[PDB]
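Architecture and fold: a report
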Amino acid sequence: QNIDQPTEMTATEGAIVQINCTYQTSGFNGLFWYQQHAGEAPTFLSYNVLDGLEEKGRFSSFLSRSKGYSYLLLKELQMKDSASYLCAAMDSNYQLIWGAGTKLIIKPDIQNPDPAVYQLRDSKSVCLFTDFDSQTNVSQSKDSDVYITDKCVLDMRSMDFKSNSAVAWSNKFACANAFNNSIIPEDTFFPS
Amino acid sequence: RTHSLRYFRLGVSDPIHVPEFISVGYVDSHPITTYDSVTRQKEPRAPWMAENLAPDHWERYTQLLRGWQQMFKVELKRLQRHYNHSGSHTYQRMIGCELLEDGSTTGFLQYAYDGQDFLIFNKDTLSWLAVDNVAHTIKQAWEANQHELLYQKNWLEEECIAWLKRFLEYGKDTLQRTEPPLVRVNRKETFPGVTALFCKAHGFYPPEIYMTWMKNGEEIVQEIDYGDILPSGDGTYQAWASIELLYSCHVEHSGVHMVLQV
Amino acid sequence: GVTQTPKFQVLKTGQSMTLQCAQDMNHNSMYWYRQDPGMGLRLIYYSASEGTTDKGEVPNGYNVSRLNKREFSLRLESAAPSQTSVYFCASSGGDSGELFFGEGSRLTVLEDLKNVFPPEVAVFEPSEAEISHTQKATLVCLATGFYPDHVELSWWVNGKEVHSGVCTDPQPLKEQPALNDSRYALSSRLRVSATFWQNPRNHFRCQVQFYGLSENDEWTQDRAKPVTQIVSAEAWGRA
Amino acid sequence: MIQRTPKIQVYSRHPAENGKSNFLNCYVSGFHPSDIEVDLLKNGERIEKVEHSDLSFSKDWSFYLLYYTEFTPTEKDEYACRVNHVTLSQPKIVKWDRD
Ligand code: NA
Ligand code: NA
Ligand code: NA
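Rules used in this analysis
Here every chain is numbered from 1 following its written sequence, which may not line up with the entry's numbers; residues without coordinates are dropped from view. Chain A is the first chain written and ligand 1 is the first ligand written, with later ones labelled in order. Remark: hydrogens and water are excluded; side-chain values derive from all non-hydrogen atoms of the structure. Residues with missing side-chain atoms are left out of burial classes, side-chain pairs and their counts. UniProt positions are given in the numbering used here, feature names are shortened, and annotations may be inferred rather than shown by experiment. Donor selection uses N, O and S atoms within 2.8 Å of the metal (3.2 Å for Na, K and Ca). Since no water is included, sites may look incomplete. Burial status follows relative accessibility: with a 1.4 Å probe on protein chains alone, a residue under 20% of its type maximum counts as buried, one over 50% as exposed, and anything between as partly exposed. An automatic or database domain assignment supplies the residue ranges for each domain. The term salt bridge refers to a pairing of a side-chain nitrogen on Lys or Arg with a carboxyl oxygen on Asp or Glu at a separation within 4 Å. Polar contact criterion, stated in full: a pair of N or O atoms within 3.5 Å, where within protein one must be able to donate a hydrogen and the other to accept it, and residues adjacent in sequence count only if both atoms are side-chain atoms. In this classification, the charged set is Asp, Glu, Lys and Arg, the nonpolar set is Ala, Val, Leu, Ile, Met, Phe, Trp, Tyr, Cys and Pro, and all remaining amino acids, among them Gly, are polar. Only DSSP runs of H or I covering at least 4 residues are called helices, and only runs of E covering at least 2 are called strands; the numbering of each starts at the N terminus. In what follows, a contact means two residues having at least one pair of non-hydrogen atoms within 4.5 Å. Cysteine sulfurs are considered disulfide-paired once they come within 2.5 Å of each other. Buried residues of nine kinds, namely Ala, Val, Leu, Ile, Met, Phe, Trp, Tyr and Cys, make up a nonpolar core once their side-chain atoms join them within 4.5 Å. Angles shown run from 0 to 180 degrees and are taken between the N-to-C directions of axes, each axis being a line fitted to C-alpha atoms and, for helices, limited to the stretch in contact. Here the word oblique covers every angle except those under 35 degrees (roughly parallel), over 145 (roughly antiparallel) and from 65 to 115 (roughly perpendicular). The hand of a helix crossing depends on one turn: near helix anticlockwise from the far one by less than a right angle means left-handed, and clockwise means right-handed. Throughout, the protein atoms alone are placed on a 1 Å grid, and a set of points is a cavity if a 1.4 Å probe fits but cannot get out or a pocket if it is open with protein on both sides within 12 Å along at least five of seven lines; lining residues have an atom within 4 Å of a point. Grid points are joined across faces, edges and corners, and a volume is the space filled by probe spheres set on the points. Here a strand pair is declared whenever DSSP counts at least two bridges between the two strands. Two aromatic rings, drawn from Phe, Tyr or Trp (for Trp, its six-membered ring), form a pair once their centres lie within 6.5 Å of each other, and the interplanar angle then sorts them: stacked below 30 degrees, edge-to-face above 60, tilted otherwise. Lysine NZ or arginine CZ positioned within 6 Å of the ring centre and within 35 degrees of the ring normal marks a charge as sitting over the ring.

Deposited coordinates in this entry are attributed by the record to X-ray crystallography, at a stated resolution of 2.00 Å.

Labelled according to the PDB entry, chain C appears under the name TCR-beta, originating from Homo sapiens.

As recorded in the PDB entry, chain B goes by Major histocompatibility complex class I-related gene protein and comes from Homo sapiens. Per UniProt, chain B carries the Sequence similarities text "Belongs to the MHC class I family."

Surrounding the sodium ion (ligand 3) are the protein donor atoms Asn84 of chain D (OD1), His85 of chain D (O) and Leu88 of chain D (O), at 2.3 to 2.5 Å. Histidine 85 of chain D gets classed as buried once you look at its relative accessible area, which sits at 4%.

Quick look at the domain arrangement of chain B now. Residue and element names in this part refer to chain B. The domain architecture assigned to chain B consists of domain 1 (1–177) and domain 2 (178–262). If you look at where domain 1 meets domain 2, you find 1 salt bridge. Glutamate 179 is the salt-bridge partner of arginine 177, the closest N and O atoms lying 2.9 Å from each other. There are 6 residue pairs in polar contact connecting domain 1 and domain 2. Taken together, the residues of the side of domain 1 that touches domain 2 break down into 1 nonpolar, 4 polar and 2 charged.

Residue and element names in this part refer to chain C. Along its sequence, chain C is carved into domain 1 (1–111) and domain 2 (112–239). Elements supplying a minimum of two residues to the side of domain 1 that touches domain 2: β2 (8–12) and β11 (105–110). Ranked by residues supplied to the side of domain 1 that touches domain 2, first place goes to β2 with 5 residues. Residue composition of the side of domain 1 that touches domain 2, by class: 4 nonpolar, 3 polar and 3 charged.

Side chains that differ in sign of charge can pair as their charged atoms come close. In total, this model carries 24 salt bridges over all chains according to the counting rule given. Its salt-bridge partner being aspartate 60 of chain D, residue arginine 4 of chain D comes within 4.0 Å of it at the nearest N-O pair. Remark: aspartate 60 of chain D occurs in the loop between β6 (56–57) and β7 (63–71) and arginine 4 of chain D occurs in the segment before β1 (7–12); sequence separation between them is 56 residues. Classification of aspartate 60 of chain D by relative accessible area gives partly exposed; the value is 45%. When salt bridges that share partners are traced, they join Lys123, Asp124, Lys153 and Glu157 of chain B into one network.

All names here are of chain C. Of the protein atoms, only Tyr45 (OH), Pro59 (O) and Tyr62 (O) coordinate the sodium ion (ligand 2), at distances of 2.3 to 2.5 Å. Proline 59 sits in the buried class, given a relative accessible area of 11%. With relative accessibility at 3%, the residue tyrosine 62 sits in the buried group.

Our focus in this paragraph is the interface of chain B and chain D. Counting residues at the interface gives 31 residues for chain B and 28 residues for chain D. Of all the elements in the fold, those that place two or more residues in the side of chain B that touches chain D are β1 (3–12), β2 (21–27), β5 (90–99), β6 (105–113), β7 (116–122), β10 (195–204) and β14 (230–231) of chain B. Top contributing element to the side of chain B that touches chain D by residue count: β5 of chain B, with 4 residues. Looking at the side of chain B that touches chain D residue by residue, the classes come out as 11 nonpolar, 11 polar and 9 charged.

It is worth spelling out the state of the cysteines at this point. Residue and element names in this part refer to chain B. Inspection of every chain in the model, using the stated rule, returns 8 disulfides over all chains. At a sulfur-sulfur separation of 2.0 Å, the disulfide partner of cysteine 199 is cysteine 249. Between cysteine 199 and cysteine 249, the S-S dihedral sits near -75°, and the bridge is therefore left-handed. The same class applies to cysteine 199 as to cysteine 249, namely buried. Taken in sequence order, the bonded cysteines of chain B link in the pattern 1-2, 3-4.

Moving on, we come to the nonpolar core. Ranked by size, the top nonpolar core spans 107 residues in total, and within it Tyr85 of chain A, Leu5 and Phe167 of chain B together with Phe101 of chain C carry the most contacts. In terms of residues, this core owes the most to one element, helix α4 (residues 146–170) of chain B, which gives 10 residues. Setting aside residues up to four positions removed in sequence, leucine 5 of chain B forms contacts with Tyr26, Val27, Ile32, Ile95, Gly96, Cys97, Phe108, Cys160, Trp163, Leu164 and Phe167 of chain B. Core analysis: the next-biggest nonpolar cluster, separate from the first, contains 37 residues, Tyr26 of chain B together with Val10, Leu24 and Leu55 of chain D among them.

Turning to the packing of helix α2 (residues 55–83) of chain B against helix α3 (residues 133–143) of chain B, a few remarks are in order. Residue and element names in this part refer to chain B. α3 packs onto α2 with a crossing angle of 135° between their chain directions and a minimal axis gap of 9 Å. Our classification of the angle between α2 and α3 gives oblique. Seen along the crossing, α2 lies across α3 with a hand that is right-handed. On the side of α2, the interface is formed by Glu75, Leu79, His82 and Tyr83, while α3 contributes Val134, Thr137, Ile138 and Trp142. A per-class count over the contact of α2 with α3 returns 5 nonpolar, 2 polar and 1 charged.

Our next topic: empty space enclosed by the protein. Taken as a whole, the largest cavity encloses approximately 40 Å³ of empty space. Lining the largest cavity we find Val24, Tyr26, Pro31, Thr34 and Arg45 of chain B together with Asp54, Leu55 and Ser56 of chain D. Counting residues per element, the ones that place at least two in the lining of the largest cavity are β2 and β3 (30–36) of chain B. Of the residues that constitute the lining of the largest cavity, the class distribution is 4 nonpolar, 2 polar and 2 charged.

Let's shift gears to the pairing of β1 of chain B. The two faces of the sheet receive side chains in turn, since in a regular strand these alternate between them. Residue and element names in this part refer to chain B. Counting buried positions along β1 yields 10 of 10 residues, so the element is predominantly enclosed. Covered by surrounding structure in β1 are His3, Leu5, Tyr7, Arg9 and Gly11 together with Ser4, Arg6, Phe8, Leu10 and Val12, the residues of both alternating faces. Two strands pair when backbone bridges link them, and β1 and β5 are joined in this way by 10 bridges, in the antiparallel orientation. Paired with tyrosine 7 across the strands is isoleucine 95, a residue of β5. Pairing between β1 and β2: 7 bridges, direction antiparallel. Across the sheet, residue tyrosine 7 finds its bridge partner in β2, namely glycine 25.

Picture the strands of a sheet paired through backbone hydrogen bonds; they go either parallel or antiparallel. Residues and elements named next belong to chain D. Spatially, the 4 strands line up as an open sheet ordered β4-β3-β8-β9, and their pairing is antiparallel. The sheet is open, and its two borders are formed by β4 (45–46) and β9 (92–95), each paired with just one other strand. Pairing between strand β8 (residues 79–84) and β9: 4 bridges, direction antiparallel. By the bridge assignment, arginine 82 is partnered in β9 with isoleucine 93.

Going through the model one piece at a time under the given rule, you end up with 53 aromatic pairs over all chains. Centroid distance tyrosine 34 of chain A to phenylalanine 44 of chain A: 6.2 Å. Interplanar angle 70°. Geometry classified as edge-to-face. On the criterion of sequence distance, the pair formed by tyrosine 34 of chain A in strand β4 (residues 30–36) and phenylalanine 44 of chain A in strand β5 (residues 43–48) is long-range, its members being 10 residues apart. Classification of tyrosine 34 of chain A as buried rests on a relative accessible area of 1%. For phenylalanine 44 of chain A, a relative accessible area of 21% gives the class partly exposed. Among the aromatic residues, those joined into a ring-pair cluster are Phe32, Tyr34, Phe44, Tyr47 and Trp98 of chain A together with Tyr31, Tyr33, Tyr46, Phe88 and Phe101 of chain C. Directly above the aromatic system of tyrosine 205 of chain B lies the positively charged group of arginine 177 of chain B, at a separation of 3.9 Å from the ring centroid.

Now the structure itself:
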């Protein structure tokens, strides 16, 4: 009849996150967790049917049948853990009732923030807001014919370096006022 | 009062003309459901099941039973290959639970091959007891799936009991009634110098009945002959106990004690 | 595990479509689901074993065929815009058995194909100010004006696909947010070191695979037929 | 392979009295495998109006059935249950002991 899990959760890289799932079903034959990366298929993570906690590497799955409650616990969080997590409860007739999924966002640990807005020219130009701390939020354009994408995390694996960025562009518009609708750091570098 | 719910499966390889697969459910001695490989439909076998379960119950379990039927066929094929058996062989399953008078519960899951115990599930150790080396091969494959073992323990201890309580309420006017026995004692000289006393009971429900013969107020040492508890065909039962000869027949049925002095 | 086709499809309202699904895991049970934003997976039809099928929660506008033990096809009799979705085939061994999902099929059902466009792709070279300030160089790729949202962007450095230093927006933006048939834009970044970008022999290419119309689709417009195609932009490193 | 021959019990629903309407039961149980043929006989001839339960399952893996018919016993009429099973080389006719 009903299953609930949070729409979204945000936690920091290296930390721990607990994704709760509560269900009210007509009978019970097990609780499943699935991982679904953006644009990919869901893949099985865990199954619980008796009470307790089962550990599988960095992931643990808990069940309390009397509370109709389960959690998926992810430890030592990595950027690759960014995905949607689906919980599904099997009822008395072996039918699954699916939660709407929890999108998990991992905030990178930015060691040396260097916020700046750069102008990039065509190989018409783009504005790149980059190297800001994970606490900064990028707001949508609201203005006409100005396109602003949300923050994206890139990982330069060999340099063990991560960075946040957002892109703004228009055919109307300057990099000095591109991110005016966002609360950006006071020391953001605007090259002249 | 003690009640039980059980589902049976019967698979027959290479059957005559006879379904390849049959599944029947019971509450106590009452059939509640039926499915076979000829109808390919799960249907009620009690009017109190038909009146209380919506068409979606029968539609969904018809689909599940079509899957379980296919699995049963394949499993029986593998057993025959392991035993190097040809021709027609049988495979049976029984799953169920009991809800005792004191509120405690039992759960059981068992398989048979050719009508003999084959594999018996132990839900307390989560293991299968095997009768021979073929059953041992199956035991090893089944015990490798820890999730399935836990699912079976949950089903026996929680789901089965919840289904049983639900069906008990549906069938309460049948299952929870009491029809007291009609008891009589007949005396007759049989072979010269040998008098037999028969204590006979009929018209009772539930079928569970205790009948004994007592001498001067104490239990006998001499042999009592017991009649089976038999269905009379109208939903009630009959039984008897006899002895050769102060004798009295003692009957206990559903919390009521009766004494017939001869 | 589970093989389903096609990955993408554009359909006109009223057109017929069959999705294929095959599994080689010897599973009796097979399923067809649709996934839509903000809600749990919804079963369309299922097949408990070979020789049987039954309706799920949302069977209207669909039918299925359990062709044999391996294959279970899903048919859209008369495509409707409400059927725009991501479809997943799955299989299970039954009882406590988990599901194994196919790769997913993204279907878009349109009233007509007149707003279908491939992307325009452009690469924006790293800022001299970024290079001197950080000793890093970020390339930006923009795929713009495409419709429907059926694209896969990838980065190729010296003819080899790269994943390190890459971030592509998980969702495209709407270029005309007030329009019901808004076209889309998508950005991606590739970040390298200053010296790597500064090498004149390093070659950078942003590739956008667009999934549009097939050969069988009729096209009567003056502009080029917006077929499934790759659109790319390149840049060489500079000293 | 262990095959189990049927137990066959023939009895009336109520204590029998000649000239009083009753039901004749034939309870066939404890047999394995399941294929079986049961007929109720009146003076060696098969009774046509005979009702029966569906094949039933025992916990010891054997099977049972109940066959019955409405009848009025008489001193002259002989009633019997005729059963055939793979364990029997010929049908077994079990006579009613007249209660
Ligand atoms: Na929900
Ligand atoms: Na349909
Ligand atoms: Na015979």
